[PDB]
């Protein structure tokens, strides 16, 4: 069931993905692309963004609660998923002092309604399926 994917250990952010083809679990990784922009100043901003978002992680518990860590502190809340249609509903009860990257992460999780994944990855997409956030069970480095 859903606990076998969600409650499978700490999930660490890989990237935010755009131009998604949800059917095929593919898309364009935003900050890894930014770090390879041909404008060296934009590439520098992408490298800094990667170091920040790689620190973002979340742990879902089988009791329907979660905690996680982003800039300035912890997130907390509740979650439900349905394995019959691969849908999810995340609800925040605590967020730390805001930052641009925090706001992006919190919005992605708040808008998530579909999921897919496997023993390595978790992808969460909003209703339009044009974007997703991807996690892994290891911190990116």
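Residue numbers count along the first chain shown, from 1.
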Report the stretch with the higher mean CA temperature factor, choosing between 52-60 and 77-85 on the basis of the entry.
77-85
Criterion, highest CA B-factor; candidates, 116, 102, 91, 26:
26
Sorting the chain's CA B-factors, does residue 19 end up in the lowest, middle or highest third?
highest
State the tercile, meaning the lowest, middle or highest third, of residue 134 with respect to the CA B-factors recorded for its chain.
lowest
Chain-relative CA temperature factor third for residue 98:
middle
On the chain's distribution of Cα B-factors, residue 69 falls within the third called lowest
